[PDB]
Structures are given as structure tokens and as C-alpha cells.
Amino acid sequence: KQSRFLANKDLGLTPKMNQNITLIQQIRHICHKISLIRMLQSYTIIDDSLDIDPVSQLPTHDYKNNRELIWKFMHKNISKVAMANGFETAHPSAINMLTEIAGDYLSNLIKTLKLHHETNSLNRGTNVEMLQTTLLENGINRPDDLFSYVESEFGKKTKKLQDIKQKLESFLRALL
Amino acid sequence: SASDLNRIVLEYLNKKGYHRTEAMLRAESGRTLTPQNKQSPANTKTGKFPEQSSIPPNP
Amino acid sequence: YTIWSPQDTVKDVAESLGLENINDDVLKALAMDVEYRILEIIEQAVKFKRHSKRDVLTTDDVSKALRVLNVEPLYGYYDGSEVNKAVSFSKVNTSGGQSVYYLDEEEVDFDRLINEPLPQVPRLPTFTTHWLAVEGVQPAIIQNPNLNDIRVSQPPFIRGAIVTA
Amino acid sequence: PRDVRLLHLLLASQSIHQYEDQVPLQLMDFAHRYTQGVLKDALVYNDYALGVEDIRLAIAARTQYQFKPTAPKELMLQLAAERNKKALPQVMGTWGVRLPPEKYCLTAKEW
Amino acid sequence: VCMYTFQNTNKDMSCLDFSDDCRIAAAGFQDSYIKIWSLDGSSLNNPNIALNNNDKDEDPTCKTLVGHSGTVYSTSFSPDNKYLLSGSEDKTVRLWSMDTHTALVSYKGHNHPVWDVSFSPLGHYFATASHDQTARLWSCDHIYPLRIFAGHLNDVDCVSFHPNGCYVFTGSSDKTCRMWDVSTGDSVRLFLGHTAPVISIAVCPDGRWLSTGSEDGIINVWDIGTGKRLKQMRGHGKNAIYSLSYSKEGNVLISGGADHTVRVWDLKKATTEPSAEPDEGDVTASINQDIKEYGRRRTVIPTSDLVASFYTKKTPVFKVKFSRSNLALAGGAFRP
Amino acid sequence: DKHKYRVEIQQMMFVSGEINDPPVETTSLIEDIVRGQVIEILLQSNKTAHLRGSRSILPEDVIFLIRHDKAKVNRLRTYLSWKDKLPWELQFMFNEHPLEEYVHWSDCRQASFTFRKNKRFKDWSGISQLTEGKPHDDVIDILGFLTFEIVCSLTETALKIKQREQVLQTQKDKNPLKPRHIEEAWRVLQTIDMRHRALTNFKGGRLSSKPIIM
Amino acid sequence: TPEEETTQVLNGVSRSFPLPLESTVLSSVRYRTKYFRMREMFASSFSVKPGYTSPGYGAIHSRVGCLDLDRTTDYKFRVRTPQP
Amino acid sequence: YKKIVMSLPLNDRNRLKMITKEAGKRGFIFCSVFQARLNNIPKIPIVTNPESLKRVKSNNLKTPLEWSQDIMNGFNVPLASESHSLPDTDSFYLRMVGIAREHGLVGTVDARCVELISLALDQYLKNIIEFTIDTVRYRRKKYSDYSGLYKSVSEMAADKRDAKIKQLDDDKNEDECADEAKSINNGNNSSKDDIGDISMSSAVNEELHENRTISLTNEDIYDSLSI
Amino acid sequence: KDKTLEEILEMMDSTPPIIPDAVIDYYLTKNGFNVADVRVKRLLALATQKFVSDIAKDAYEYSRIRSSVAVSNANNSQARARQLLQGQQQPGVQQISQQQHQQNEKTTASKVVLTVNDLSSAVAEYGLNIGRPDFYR
Amino acid sequence: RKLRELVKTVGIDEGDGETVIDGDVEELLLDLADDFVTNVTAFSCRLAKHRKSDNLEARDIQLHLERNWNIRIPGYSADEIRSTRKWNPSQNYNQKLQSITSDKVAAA
């Protein structure tokens, strides 16, 4: 039985982030070959189908609301985005602090939208205005930049890593 | 240091306006225990319900 | 003095700024106020411990004495498989005229943090009832204690006086 | 470390015998940041005019907004006396729980 | 004593409470839920014979309530038993309907975490304890408070009414407790003599005697007229006394604490009311604490008021609730 | 002292909006604002470059402080294209790489802060006072371009808030820039962004921060 | 012996209590000024009936502090009280 | 006792230090009633030191008979809760000289720091009002590079008092904004500070139907209601 | 044209973000406010993902500036690509490798480490103060 | 009537709506300003006494608002207030960092 966590694991931003990650990794590999050329001139691929086990997916277990499973999925989905920038090795305490920061940011988003939903002031915003002001008061200053970020990280960075791969492949063909 | 506290209490009552007989009787009232109320949980023979009179309580 | 540091801890932060030599009256009064602030954190921590119905002082009992005392949060003291006392005080001495402990930590790859399987999750809570007493004595079912192994388990300051009807 | 076992003796001095491991680590990483900020602000206040009154200025600058305030009982008594002027409202007499009006309750709301 | 032991709570279950008729139990979790158990194994779905749809969901005779954003530190049931009042560390107290399982009203008057909510005797209006050293009187129809109870030195831990709903009793972490006039707001009694944070307070159905327990494992009783101490109770371990309960008719105190025991106390031994002692001996009496293998100064010596003590074998008792018919209920979580 | 760069401040004010002969106080306040901003730029850049382990401040080390504004560093890159590769970029992670008054409007733009020589600039701003090494390879050209951008943007927003205060004044009852206009332009340009505040909003403690450079 | 050393170390830790060097009392402007104004009105209203002296200074006529020109960082000072 | 394993690896200098500490190291106070008393009382600077006496006599600064009058005149300023307007230069000057005489400064207050205080209040209240304004509304034309009119209520300045809680002095003012700014619907806010009494619902008492005209205390509160 | 929120939710109907449904559900029921729209959950997932992408990217800038190896690789990038291009077949190797060995044991032994003393400064830009000392005495 | 002018210069129409204020919010913000004034000048008097003077100059107030509230008023005396230390550690501290880095490389 497929758990509810591994539902959108191939649906539009996880394959694009996976393509970004494997392009970063397979152009970090051509650099090893050209560094080997420099030495003579003197990999562990991703896996996202990891489920818990079928015994803990039973409805007699709280497989949706315990701290450690959600913390492990936050850890995986934050190490999946701290390597799209270029990191390849980290201290444990750094990813622990980054997961704490993401947890507090998401909790502040939900707390701000909660406070906008149940306030007893004489001016409550509508359905879309509360979402817009709860995006504004913490993070993004406009809604549109999210679509910029999807344009920036999975529409622009992918062709950047792609033509870096093409130029490095032509350079390796020109070396030997 | 409790006899000095007793003297501070007596001078406080003297300056806050309690007569000597009145302060002696308030001391004797403060010392004796609260006696027994025989209708203690208001037994249902001689006890009554509270009034539902829509006012807030007042001691 | 008081028990925090004469100079041996506060002065090694004074040198971390760049400040070379300062008098011992400064360090005496400063360390006294610093460990007063430590006790001020500790007292709200034991208040949160008592009202969370526990006996240990976990790291989330001092991290909620921070939000109350408006202190900026100390991030990075909670990790995966949150067990009681997840042992991590491996601090490594370094020699000299005095002692220096620097808390060694091993670096790790990312692809052994994403290709790492998920832990076990327990069952959701249930309850179970029995009789602790039926008339003031205990019926000695499997769910009751034995009242003679209560001596050999806990000292009489965490178990109180045993008397029976 | 010397201050891990000194924090052990400090915690045991206030009758705290059960705690976790990273709690003296958290106390030390609090005390480091607090003393570093205090000494940096005191170096500023000594370049302005080190000494103990300089430390007093630097720890009175930040007492005013983070830790537990001092003797707050008379301000709270004044504030209570401003709230306890108003006599209590009229209560229901139908021996139950009465709700607020419907707009002041979390029910007539929408997503 | 009927003991309700909760199993799979990984130290993240705060203080719980039972309703009256003992059909519903409410437990506040550290991850911002209220868990609602039908203690009879009932449906707890309130079906209302129409019975539209949705047997596809999983009902394990238990409902969860998600309205808080902080950890729930206290919870109180109405005497009507149809509403629940949950106080959290997010600075609200919320109200829940126990027959549709949703939130109704948020109550915002605190700026620090809420530690002890408690309804009135008649269910009129509830009092609240918090970290800001003040107790607050409320009403279930008003969003904002009605009285502020200020005058303690440290924060207020426990709160309780007089059984007529006319005075308020607050115990605080500065080794004292107070009796407050509910109308004028100002303190009427200050009870001194403890040596630890007062953690649970309870006033007898007679009303003339107040009992409270500290975190030093010492209960003591005062009388509200004199304000001084009649006697104390010295049988618990040097530890917390989590709950307290009274006999319905008469004075027998049931103390469920942190040393895994539920103890029974005679209130009327050393007073001027002896309460009808038997006319005519034992073997186990005065030899159990005359073993003293651990040492005289390293052991507890019980008062003459303690009569029995039921240990729970490694689960602590958060709640004692004495029902109407000489049956008490204890409640807690199985700890390891 | 002060009042060293008054005519050049006026020349840089002319390019943004109308000039109308600005007073002594507006030029003095813009001079003190720019003299503070240069010291903060040099302190932050020296703090960043010392921890690398080189007291000579690199040219990219001051572009580090303005790395968020991509259009402004593209403007700096086009400004460095008439003198006849950032370390934090996407390509540079990996180890190896492959192979009639219009003329009077223009000459005011050619007039710069430190274009002639860095003689008055070095003892006015105090380059030798806080820098532990010898930074002058291209730090003075960037420290001229940054002050030109600071004065241009500052007088632009001061002009816009002077116009909005003018329409507020003519709506309440129904030419030169002043120190209050420059101060409220500074308050507009020194508000912290919302994304640089998000992680301290629900916890109550006084936000300590750094002066935002333009 | 380590026993007397350990008990005297525990005697030392049981005697050290810290105070803070700077504590800012939580108060108000408005309640302080209103307290002063009402006390000034009712202090100017009545008399003193002294034994030998009355409290106050010029245009205060109440209990007034005696902070020195120096030692402004002191924690306590004298006040005025009617002396017989 | 039982801490031989822990109290021994402390070094000899540390243990020889920590067998010496005691109570009586300070000259402080800790009675919070007395701390609140000393924060409540008004204090005037006096002189006993001879060098400071000749230093204050040379710069023509006066005797404490003028500083006590300056305390009283700095207290007697109509502070800004009563006037319902931001203060002016003379009120700023009198309050700051009264405060400086409270702390000990017997000199003269400069005339530019008053304008600095003015701009400080300006930017403080502008920050608070701006981060209350951009929460009731999402200004779409602002915060971008390509409905009607709202009034901010006290519940909103309590609601964004906590969503952005760093913006305050954390003094009395935020305590009263959290504690007393929210009012229940029977609060009777548009009032005259006295009409929320119980006797103003129960009938004005008339006058002088008596030879000695001593009246009752339920009439005295109607007498004080008019003023 | 800047995208309206309804267009963003209409695109989140098709493209779900990295953080899955149950993580958002746990943080929801941990903070109250039970919502039944999947597009608000996907919008909050995308917001948290974009915010930590910005924080980790600023950590990447702070870690590439504070190392001499990275700025020297960015300075001598095409300058050493000249040496690699002149690294032809075996006649032509003797005039090179005067500088190749030192940066060879520098650049091939340097992996980018996300560090506490880097992230603490990358979020001290964002308002925090993560003060971890370097020893404990 | 000055606070209405302050909200007027904060909240203008600007083609997107005008925000106004109510009277209870005016009493709240006036009490906030009333306590802010005394809280600034009471620490500024301590700084001016710490400078061993008797006058209350503007550098005390500008320093107290720069260090703590970071309001950052442009120059009134803000060239003497701007103190520039580099906050580089001592020679013992870099020695101990060399010892820590030496143990971190000798461990591998």
C-alpha cells in the first residue's frame, strides 16, 4: 500500500528538482574526469521511493501526526533543496538548524493565516485578501514571485545546467 | 521576630483607627476557629437551591 | 565570586571580541549577572516542566523559557529519533596550559541523508482501565504492584511512605 | 568540560536531578551570546565616555525589553484597579453555558 | 479507585480530565490536539437518526480537536458536560462543543501561556491561571475578561472556586495562595506556611476548610475564618501532588500525585472534631516506616492522618475525580 | 570637517530631477549620509574580507554587499565596460570550466564623485582609518559608483515625497529640497524588507540589524 | 581526604546566590505623574503637626528622595520623614 | 556525600575558590516593595562633595530650591494621554529637564535633542502605524512593479501588536494595550468616566426639603456625576 | 502581467511542490486552522520551499566568499583553462604543471560544507542571532 | 490633531485606498508615545552622566536610539556616534582556533 506521503512524488516539481539534482551531479562528474586529466598532467544516485514499512501504514498507527516521521520528511525535502544550489556535504547541525527554521517559518505562516481567520475586529478581509496579506506579512511581498521562482529554479536553472553540460561534453570531446 | 510583628500589628491598628477594645475584640475574633455549620453541604431537608435571579454574585 | 566563572569562561568571550585586558571586578560582576540570567532561565524551565507533567528537564522545557523571557532562540538542539537524552555530549579536550573542549562533529554527504529510510512510528494512543482498589486494599491483579519491590526500586523521597489498610 | 560539570552542580544546587544532555550545552550557548552582546555594547559605551558601571549601562540597555521585569506588582495592581471598577454584568439564570453573539463566535466563517 | 491508564503517549500528554457521568475523557497533548475518549466504548459520533453518509472514515471511538497552535496545558469540563474549555500556551482559551466536535469561541485576554482553566460550580463563569502572575475572571458569553486578580509575586499555577461560586482561590509559585472576592476583585485571604510552589488546591464541600498541595509533597489545611494552619499532611514523596479530590459527603481527601501513588487522608484527626474513631490494633502499623533502611533523615515519616496509599506501578496519576457514590477515578499515562 | 563635496553633490542632483539651486543644508545632509554609508560599506567589506584571510579588499568583495540587486550589479558590470565573473555564481561552483542643454544634461552625468584622483576622498572618507591593508586596486571606482547611485536614488525618492507632500498640503486646506525631505527619503530607503524580517515576527525582541546600503 | 573537600565544595555552592546588577522596575509615566499630582494636592491641603520638623523641600511638601549629585548608580538613598 | 565522581575533576584552583563564596558580597537591595518605592518617589539632587560643589557653583547652576521647582514643573506638564495630540517643544523641554533633574543632571538640556526626540517619535509611530496598515489590506499597486476606505480599530492594534511584537517599548504601554484595549460589547466606552456606575440606572434626587439639609451618600454621587 | 492568486492556485492544481501533503497537514493540525483546500496547502508548501531556497542560497554565497579557494578559482578560471587547453598530447607537458599541483591538491580536496558558522551569518542577515561558541573551556 | 496628520502622511490614497484611525487607537498610540519619550530620555540621562558631564546633549539620545532601537536618524552628531571597531579576536583566541583546527585535521 502506497502511503500518502509518496503521492505527488512524480507530479511536476519533484521530477524537475530531480532533473536539477542529477544535472548538478552529472556535471560534478565531468569535472572529476578533467581533474583526473590534471592529475595525469602533473556517485550514490537519488532514491525517493523510500516508504516507512507496510506495518506502520496500518490505521492503528499515527503515521500522519507524529514528530519524527514529519521531521524526517522535512529533513529529506530540505536536503533536496539545499543541494540544488550547489552544496554536496554538510554538518548535521546545519541541516538541523535549517529544518528548525523551515518548521518555524511554516508554523508562522499557518499562525498568521489562523489569526487573520478568527479575529474579532470590525474589518475582516475576504477569502483571497487574507491569503494575500498572510503571504505579505511574513515572506513574499507579492503573490507573483512564486511563479517567478518556479520560472527561476526549474525553467532557467535547468537550461543553465543543461548548456553547461553540453559545453563540458564538447570540451571533453575536444580534449581526447 | 513574631512579637515585633505583633507590635507592628498593634501600632498599625492604633494608627488606622481601631479602638483599644475594638482591636482587642478583633484579635480575639481572629484567634478562634470557624465553628461547625450543621447544614454544611446544605442537606436537602433544611437547605435551599441558589436563586436564579440573573444578577452576579456579591459576598 | 559565584559559581559560574572567575575568568575561565567569560574572559574567553571577552577575548573573542578582541578586548585584551580588563579588570577582575568587571569579570566578577559580569559573570554574577550572567549566571543570574541562567538561573532566571532555569526557573521558568522548571515551571514549564512541572506544567507539562514530567520529571526530566528536556530541551523543549528550556526552549519555552526562552520565548517567555523573549530570548532569541537557540536553534539546533532537536534532531531525528527524538528519544529521552539522545546522548550528544561528546566534547573533545584540547591541551595547553588550561583546558579547551571543542565539540567534534562528523561531516556527512547529502545523498546518504536523502537515501536514508524513515524510522518506526508507534501506535496512536488508547487507554486501559482496571481496579486500583476495591475497598482500600489492592486486589493484586497483574496491573497492580507488589508493594515489596517498591522498596528495592525507588528511595523513599520519590515514592513516599508505604502504609496499607 | 569544566562548565558542563559546573552546570551539573548548579542544576543540582536548585534540586534538578533529572535533565537531558544538551541542556547545559544550551545554557552555555545562551551565556556565550549574552556575555558577547553585553561586552560589545559595553565597549561601545566605553568608547563613548573598561569598568563595572559600563557593564551596568550595557545590561540596563537590554533588561528593558527581554527578561522578566522587576517588581511588577504595583503596576498590575493599578491595572487591576482600572479593570475592577466596572461591576459585573447580568448573568443568565437558566443554569447553563451561554455563548456570545453569533458574529463573535468561530462559526459564521468561510473557506 | 478505578484507574484509567493511557498507553501510547510518548511523554506528550499533559493533564487530563473526566466529565461527570464519567462518559468522556479529555487529554491535552503537546502537539496541539485535544483527544476525546468515550470511556464506555460508545460511538461518540452523535449520529442524529438521519445518518447521511461517511462510514468510510475511521472512528476508533475517539475524536480529535484541532484549534490550538500551542501546547494544551489545562482542560476543564462544564457541569452541564456538553462543553469543553481548553487552555493552551498560545494565548487563548478555546471552547468546544462536545456534541458536534468543533470549536465555538476563542477567549483572548492573556499575553502569557494559560496553565489552569476552571469552570464555576453553577457553570456561570470560568477563572483562569497564567504565567503573567495574574488570574482572570471571565464569562462564557464575553470574549474578554471581567476581573483581574493581581497581587501574587510569582505566576499563578492552580485556580478553584468556592463551591457557591462566590470566592476564587489561586495558588502561586511563591509558596502562597490567596482568596479573592469575585466582585470587588481584591484579595480577602493570604495563606502563608508552604515551602514550595502550590500546584493543586481544593476547598471542602463544607466550605470552612481549604486544602492544598505543593511540589514538596506536603498537603496542608487551613480554615478560612482564622486563616492560620490547622494541620498538614506528610505522606507523599518529596515530589509533586498533581491532583486533589474530596469525599462527597464528609471529609476524606484523595491525593493523586507524582510518586505513582493515590493516597487517602483523614481531615479530622488532630482538630477539635475527632470524627468517630473505632473503640478497640495492628501489626503493619508503625513498623513500615520503622524499617528505615535508607536512613532516618533520608526517609519520609507519615502523619497520623494518612491511612492508605495505592501505588500504580510506574504510571503517574494526573487526575483524581471522586464520583458521587464512594468510587473515585484516577487517571494518568503509562510512562515508559 | 565637512562641506567638501558640495558642487559634485549638486552635479549629481541635477541628473535625477530639477536642481533649483539646492541649499547648504540639503547638500550637507547628503554629504553626511554618504560619508556614513561609505564607512559602513568599508566596515562590512573589511569584516568580510579579513575572514577570507586577505586584508586587501578585492573588487568582488564590495559587490558582495549589493548581491541582491541584480539589475544594479548588471549596471555596475556595464559601468566597468569602458575602462579602455562573480565567485558566488552558478557556473563557479564546479571545479573546472570550458573555454541645447542636452549636452549640459550629459556632462553632469560624466561628473563623478572620485573620478579625478582619490586625494580628497581618502582623507575625507577615511580609507586608511579602518582598512588594515592596502585595498586600492578597484575599490575606489566602485566606491565612486556606489555614491553616485546613492545620491541619485536618494534625491529621486526625496523629489517624489516632496511632490506627494505638496499634494497632501494642497488637499489638507482644500521648489527646493529641505532636510526633512532628505530625512524622510532616508526613512523610506532604510525600511527593512519583509523577507528579511519574517523569522522574528511572532517572538518579541528588539530587532538589531545593519544599515541598508543602496 | 576527598570527603571534607566535597562537603565544603557543596557548602560553597549552597551559599552563593546571585543578584542582578541592573533591574528596570516595570512602571508607568501616567500613574507616576498622577500619583505625584494627587499627593501634591493633598499634601498642600492639610498640615503636618510636627514634633520638631516637617518633611519635604521647596514646593514638594511630601516624602522626597535625597539622591546625591554624584553616586547616581547607587541602589538606595535617604528619604525625608518628619522628625520629632 | 555522593558526588565524588563529579566534584573531584574540578581543578584545585576552582575548588579552592568555591570553598570561599558566601552571602554578603554585595551592597544591593532585593526587596521588590522597596525597589518599587524607590522607582516611585521623586528625588532631587543634593550636594555634599566639595569639589562638585565648587564645580556646580562656578557654572552658575543654582541651589536645590530651583531643581525641586523644576521637578514639579516637569511633572505638571499636560502629558500626551490627556491632550490627545503629540507634544510640542515647550512640553518636551519641561518634561526632559524634569527627568534630567530626577536623574541628577543639574546642567542645561540642549535645544537640538528635543527635535531629535520629535523625529524619534515620528519614525516610531510611523513604523507601528505602517505595520498595522499593511495587514488590514493588501495594497496591490504598492509592493509591485506591474477596496475602499478602512479605519483601524483597537482590536487590530492588538492583533498586529502580536503578529509583529518586536515593534514596541515592552513597557507599561504594551501591557495596557494587551490588557485593557479590548472591550466587551457592554463596555460603555463613549462615556464621561463615571456613567458606568450602577446608580445611574436607578431618578435625580431633588433638594432642600429639610431644615438641616443633611443628605445621603447616594445623592453625593449624583452631585459628582454632573461635573 | 503579475500573476493573480487565482492563477497561482489554478497552476498549483496541476503542479504540486516538493513538500508533500502530510507534512503540511501535520503543521496545520499543529497550528490549528483545519483547511480542506489542497491548493492552499500547496501554496504554503511553495512559500516555505522558496524561503528556504533563499536562505540556503545566501548560505552558499557566504560560503563561497569566505574561502580563498573559491575566489581564486573564479579569478583564475579561464587562465587555467588556457593551461588545460595547452595540456595536449604528451609532447607539450613539460612547460606546464608549475602551478597545477598546489591548486590540484586544493580544488580537488575542497568540498562545500554547509557550516554552522556560515548559516548563522546567513540568517543573521534575516534577523536571527545563532551564537554558538567555538570552545567551551 | 497631530496624530491624524501622522496617519495622513503614513496612509495616503495613492490610488489604492486610504487608511484612517479611530479614537481608541489614538489614545493607545498617544500612551505609547508618552511612555517612549520617558524611556528614551531616562537612558540618555544615564549616558550623559556616564560621560561625566551635566548637560544633556544630542549625542546621548542619538547613541541610545542607534544602538538599541536602530532608528538611524541622519547626522545630528552621527560621526562621533559611529564608532568603528573591526571585532577581530585576540591573539589567544586565534591560537586556540589554530589548536582546534589542528585537532580537527589530526582526527582525520
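Residues numbered from 1 in each chain as written, not as in the entry; some residues may be left out. Chains lettered and ligands numbered in written order. Part of a larger assembly, values for the part shown. Heavy atoms only, no water. Residues with missing side-chain atoms left out of burial classes, pairs and counts.

The deposited coordinates for this entry were obtained by cryo-EM, with a reported resolution of 3.3 Å.

This entry carries the title "SAGA Core module".

Draft legend 1. Structural view of the interface of chain H and chain F. The interface of chain H with chain F comprises 14 residues on the first partner and 13 residues on the second. Interface of chain H and chain F: buried area, both sides summed, is about 1,200 Å²; carbon and sulfur atoms make up 52% of it. When the buried area of chain H at its contact with chain F is split by residue, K126, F131 and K166 of chain H rank highest and sum to 42% of it. Summed over the shared surface of chain H and chain F, the number is two salt bridges. Measuring nitrogen to oxygen at the nearest pair gives 3.6 Å for the salt bridge that ties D169 of chain H to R206 of chain F. Between chain H and chain F we count three residue pairs in polar contact in total. Looking at the side of chain H that touches chain F, the elements that each hand over two or more residues are α8 (113–136) and α9 (156–163) of chain H. (Contact = heavy atoms within 4.5 Å. Buried area = accessible area lost by both parts, 1.4 Å probe. Salt bridge = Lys/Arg side-chain N within 4 Å of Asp/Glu carboxyl O. Polar contact = N/O pair within 3.5 Å; in protein donor to acceptor, adjacent residues only side chain to side chain. Helix = DSSP H or I, 4+ residues; strand = E, 2+ residues; numbered from the N terminus.)

Draft legend 2. Seen up close, the interface of chain A and chain I. Taken together, the contact pairs 65 residues of chain A with 64 residues of chain I. Carbon and sulfur atoms make up 71% of the area that chain A and chain I hide from each other, which totals about 6,400 Å². It is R38, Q41 and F87 of chain A that lose the most area in chain A upon contact with chain I, and together they represent 12% of the buried surface on that side. Inspection of the region where chain A meets chain I yields twelve residue pairs in polar contact. When contributions to the side of chain A that touches chain I are tallied by element, the ones reaching two or more residues are α1 (14–27), α2 (30–40), α3 (67–79), β1 (89–90), α4 (92–117), α5 (127–136) and α6 (145–175) of chain A. At 17 residues, α4 of chain A tops the list of elements feeding residues into the side of chain A that touches chain I. Residue composition of the side of chain A that touches chain I, grouped by class: 36 nonpolar, 18 polar and eleven charged. Here β1 of chain A pairs with strand β1 (residues 113–114) of chain I via two bridges, running parallel. Bridge pairing links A90 of chain A to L114 of chain I in β1 of chain I. (Nonpolar A, V, L, I, M, F, W, Y, C, P; charged D, E, K, R; others polar. Pairing = 2+ DSSP bridges.)

Draft legend 3. Structural context of the nonpolar core. In terms of nonpolar packing, the biggest core is built from 118 residues, with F5 of chain A together with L43 of chain I touching the most fellow members. The element contributing the most residues to this core is helix α3 (residues 38–65) of chain I, with twelve residues. Each residue touching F5 of chain A, except ones within four places of it in the same chain, is listed here: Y63, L69, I70 and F73 of chain A together with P20, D21, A22 and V23 of chain I. In terms of nonpolar packing, the next biggest core, distinct from the first, is built from 60 residues, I3 and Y77 of chain C, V38 of chain D together with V13 of chain G among them. (Core = buried A, V, L, I, M, F, W, Y, C linked by side-chain atoms within 4.5 Å. Buried < 20%, exposed > 50% of the residue type's maximum accessible area, 1.4 Å probe, protein only.)

Draft legend 4. Representation of the sheet that holds strand β11 (residues 127–130) of chain E. The strand order β10-β11-β12-β13 (chain E) describes an open sheet built from four strands, whose pairing is antiparallel. Looking at strand neighbours, the two that pair on one side only are β10 (114–118) and β13 (142–150) of chain E, the edges of this open sheet. Mean inter-strand twist for the sheet, computed between neighbouring axes without regard to direction, equals 25°. Two strands pair when backbone bridges link them, and β11 of chain E and strand β12 (residues 134–139) of chain E are joined in this way by two bridges, in the antiparallel orientation. Among the inter-strand pairings, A127 of chain E is bridged to a residue of β12 of chain E, identified as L137 of chain E. In the packing of helix α4 (residues 73–83) of chain D onto the sheet, the strands contacted are β12 and β13 of chain E, and the crossing angle to β13 of chain E comes to about 130°. (Axes fitted to C-alpha atoms, helices over the stretch in contact; angles between N-to-C directions.)

Draft legend 5. Structural detail: the pattern of salt bridges. Applying the stated rule across the entire model yields 82 salt bridges over all chains. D40 of chain E serves as the salt-bridge partner of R23 of chain E, at 3.9 Å between the closest nitrogen and oxygen. Residue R23 of chain E is found in the loop between β2 (13–18) and β3 (24–29), and its partner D40 of chain E is found in the loop between β4 (34–38) and β5 (62–65); the two are separated by 17 residues along the sequence. Classification of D40 of chain E as exposed rests on a relative accessible area of 51%. Taken together, the shared-partner salt bridges connect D8 and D12 of chain C, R2 of chain D, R137 of chain I together with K96 of chain J into one network.

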